[PDB]
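For reference, the chains in residue letters:
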There are 2 protein chains.
Amino acid sequence: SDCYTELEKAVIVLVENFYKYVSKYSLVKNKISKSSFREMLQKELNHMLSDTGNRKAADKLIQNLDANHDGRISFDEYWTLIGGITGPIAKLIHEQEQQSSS
Amino acid sequence: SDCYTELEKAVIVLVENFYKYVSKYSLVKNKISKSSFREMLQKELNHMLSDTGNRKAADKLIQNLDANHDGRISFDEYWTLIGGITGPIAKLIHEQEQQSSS
Ligand SMILES: [Ca+2]
Ligand SMILES: [Ca+2]
Ligand SMILES: [Ca+2]
Ligand SMILES: [Ca+2]
């Protein structure tokens, strides 16, 4: 434990959910599905986003990614998915931290 | 800065660093440079990468990204940069976290 940064832990928190989902949430020799991918991001980002309206922002990304017929989510293929969410609302994010308030 | 999940906070920890670097570290009307980008990733990932040898993994990304001669680093452009780091060593990451340990 004991030495890793919170940035290290944050890159890790994005890999926790990757391995969680790729593995256990059906099958580890490989099942996933871009349906439950849209729910998983709604468990974990339950407060990041302002509405059903804001959902379409992630739904456009979720479309533009694994409409690819590989049956794989890859490490950075999972990242650009939510890195593309983290731009329009990322203005409010900075604001929260620079004011430290929430 | 509270009520949010640690996944929400992790997506935020990557945006703390985005605004830290793009803005404050030199100039907000636009300075950046892939020199201090290689250093910034070495402040915050002081342990994720296993050596100078492993550095070439991130150096390849740091090179290949702003081969886009925009003169900017952008929200998800900052993500694929370190999302490409978060794969070969992401095997060891999972291992740490599945043991809850180190
Ligand atoms: Ca699975
Ligand atoms: Ca895929
Ligand atoms: Ca700057
Ligand atoms: Ca650029």
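What the entry reports as its method is solution NMR.

Caption draft 1: Local environment of the overall build of chain A. Helix and strand counts for chain A stand at 5 helices and 0 strands. Element order for chain A, N to C, with α for helix and β for strand: α-α-α-α-α. A principal-axis box enclosing the C-alpha atoms of chain A has dimensions of 45 × 40 × 20 Å. Within chain A, buried positions represent 40% of all 102 residues. The contacts in chain A between residues at least 6 apart in sequence include a share of 52% that link residues at least 24 apart. As displayed, chain A has an accessible area near 5,700 Å², and 53% of this comes from carbon and sulfur atoms. Of the side-chain charges in chain A, 13 are positive and 14 negative, and the distance between the mean point of each set is 9 Å.

Caption draft 2: Structural detail: the UniProt feature "binding site: Ca(2+)" in chain A. Residues and elements named next belong to chain A. Under the UniProt annotation, the feature "binding site: Ca(2+)" is placed at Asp66, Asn68, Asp70, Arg72 and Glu77. Its location among the elements puts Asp66 in the loop between helix 3 (52–64) and helix 4 (75–83). Among all residues touching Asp66, those that are not within four sequence positions of it are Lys34, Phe37, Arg72, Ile73 and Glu77. Its location among the elements puts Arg72 in the loop between helix 3 and helix 4. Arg72 gets classed as exposed once you look at its relative accessible area, which sits at 54%. Beyond its immediate sequence surroundings of up to four residues, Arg72 is in contact with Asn30, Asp66 and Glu77. Side-chain polar atoms of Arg72 contact the backbone oxygen of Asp70, separated by 2.8 Å.

Caption draft 3: Main features of the pattern of salt bridges. Under the criterion given, the structure shown has 14 salt bridges over all chains. Among the salt bridges present, the one from B:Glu39 reaches B:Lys43, with a minimum N-O distance of 2.7 Å. Here B:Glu39 pairs with B:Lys43, and both are found in helix 2 (residues 34–44), just 4 residues apart, close to one helical turn. Residue B:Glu39 is classed as partly exposed on the basis of its relative accessible area, which comes to 37%. Within this structure, A:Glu16, A:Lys20 and A:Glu44 form a network of salt bridges that share partners.

Caption draft 4: Seen up close, the coordination of the calcium ion (ligand 1). Every protein donor of the calcium ion (ligand 1) is accounted for by A:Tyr21 (O), A:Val22 (O), A:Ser23 (O), A:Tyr25 (O), A:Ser26 (O), A:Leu27 (O) and A:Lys31 (O), and the metal-donor separations fall at 2.0 to 3.0 Å. Along the chain, the residues donating to the calcium ion (ligand 1) are arranged with the sequence spacing Y-V-S-x1-Y-S-L-x3-K.

Caption draft 5: Inspection of the packing of helix 2 (residues 36–44) of chain A against helix 4 of chain A at higher detail. Residue and element names in this part refer to chain A. Axis separation between helix 2 and helix 4 bottoms out at 13 Å; the angle between their running directions is 60 degrees. The orientation of helix 2 with respect to helix 4, classified from their angle, is oblique. For the element pair helix 2 and helix 4, the recorded crossing hand is right-handed. Counting all contacts with helix 2, which are made through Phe37, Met40 and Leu41, the residues of helix 4 involved are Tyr78, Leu81 and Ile82. Of the residues that constitute the contact of helix 2 with helix 4, the class distribution is 6 nonpolar, no polar and no charged.

Caption draft 6: Structural view of the relation of the copies chain A and chain B. The two copies are related by a screw motion: chain A maps onto chain B through a turn of 180 degrees and a shift of 0.1 Å along the axis, at an RMSD of 0.7 Å. Viewed as a symmetry operation, the transformation between the two copies matches a two-fold axis. The rotation axis passes nearest to the C-alpha of A:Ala10 in chain A, at a distance of 2.1 Å. A share of 97% of interface residues in chain A that are also interface residues in chain B marks the association as one of identical surfaces.

Caption draft 7: Region of the structure containing the side chain of A:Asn54. All names here are of chain A. As for its position among the elements, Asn54 is in helix 3. Looking at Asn54, its side chain comes within polar contact range of the side chain of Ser50, at 2.8 Å. If near-sequence neighbours (up to four positions away) are discounted, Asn54 is found in contact with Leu49 and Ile89.

Caption draft 8: Inspection of the packing of aromatic side chains at higher detail. Going through the model one piece at a time under the given rule, you end up with 15 aromatic pairs over all chains. Centroid distance A:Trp79 to B:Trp79: 3.5 Å. Interplanar angle 0 degrees. Geometry classified as stacked. Here A:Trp79, found in helix 4, pairs with B:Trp79, found in helix 4 (residues 75–83), and the two come from separate chains. We note that A:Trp79, like B:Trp79, is buried. Summarising the aromatic geometry, the rings of B:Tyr21 and B:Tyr78 are spaced 5.6 Å apart at their centres and angled 70 degrees between planes, so their arrangement reads as edge-to-face.

Analysis parameters
- Residues numbered from 1 in each chain as written, not as in the entry; some residues may be left out.
- Chains lettered and ligands numbered in written order.
- Heavy atoms only, no water.
- Helix = DSSP H or I, 4+ residues; strand = E, 2+ residues; numbered from the N terminus.
- Buried < 20%, exposed > 50% of the residue type's maximum accessible area, 1.4 Å probe, protein only.
- Contact = heavy atoms within 4.5 Å.
- Areas by Shrake-Rupley, 256 points an atom, 1.4 Å probe, with all protein chains shown as cover.
- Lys, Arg positive; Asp, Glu negative; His and termini not counted.
- Charge placed at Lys NZ, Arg CZ, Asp CG, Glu CD.
- UniProt positions renumbered as here; feature names shortened; annotations may be inferred.
- Polar contact = N/O pair within 3.5 Å; in protein donor to acceptor, adjacent residues only side chain to side chain.
- Salt bridge = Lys/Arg side-chain N within 4 Å of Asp/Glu carboxyl O.
- Donors = N, O, S within 2.8 Å, 3.2 Å for Na, K, Ca; no water.
- Axes fitted to C-alpha atoms, helices over the stretch in contact; angles between N-to-C directions.
- Parallel < 35°, antiparallel > 145°, perpendicular 65-115°, else oblique.
- Left-handed = near helix turned anticlockwise from the far one by under 90°.
- Nonpolar A, V, L, I, M, F, W, Y, C, P; charged D, E, K, R; others polar.
- Least-squares fit on C-alpha atoms.
- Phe/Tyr/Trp six-rings, centres within 6.5 Å; stacked < 30°, edge-to-face > 60°.

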